[PDB]
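> an experimental structure, sequence included, is below.
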Amino acid sequence: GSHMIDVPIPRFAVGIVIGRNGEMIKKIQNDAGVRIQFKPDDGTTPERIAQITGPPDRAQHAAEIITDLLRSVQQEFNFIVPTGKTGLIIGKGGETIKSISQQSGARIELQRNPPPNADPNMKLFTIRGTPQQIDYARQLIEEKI
DNA sequence: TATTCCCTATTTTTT
């Protein structure tokens, strides 16, 4: 009779041997010529045992495909601005902050600093964009401060 | 110094 060999396989991995629509079992079945019958997990372990059978030769070689296959299953930155240079940064109508935001494509929005606890001598400017976009905004900001 | 615009992995078969 053909050699019969069982193969332990986790329930979450059983779908790999069977395959969707049986593309794996049907393909391996045709490529190797073997029939796989899955049986309850014997050993209390949460894994299904696969019972494969086929000619003593195909049984050994087929087991290798499934084993080899189963093994395969096993930027934002804040800019500080002193209340003294704030007028030269925004510019008349924000033509400066906009130019910087559009050319740098980053989104700038003045972050208010709590007067009670924050230092009224300093304001917080929020600046966000893509890593390359935010870096471009910082360059213009400097050369103007 | 006062005012702006943008973005918001599972699955199949026969006995």
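Noted; the coordinates are in hand. Residues are numbered from 1 along each chain as shown, chains lettered A, B, ... in the order given.

> and the closest residue in space to residue A:26 that isn't next to it in sequence, what does it touch?
Spatial nearest neighbour of residue A:26, excluding adjacent residues (C-beta to C-beta, 6 or more residues apart in numbering): residue A:19 at 7.5 Å. Bear in mind the C-beta positions are built from the backbone N, C-alpha and C, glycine included. For residue A:19, the contact set (C-beta atoms under 8 Å, 6 or more residues apart in numbering) comprises A:25-27.

> near DNA strand B, list only the ones from those.
residue A:25 (C-beta under 7 Å from any atom of the strand).

> most neighbours among the contacts of residue A:19, which one is it?
Compared across the contacts of residue A:19, residue A:25 has the highest neighbour count, 18 neighbours, by other C-beta atoms under 10 Å.

> where's that one, which helix or strand?
helix A:23-32 (DSSP states H and E).
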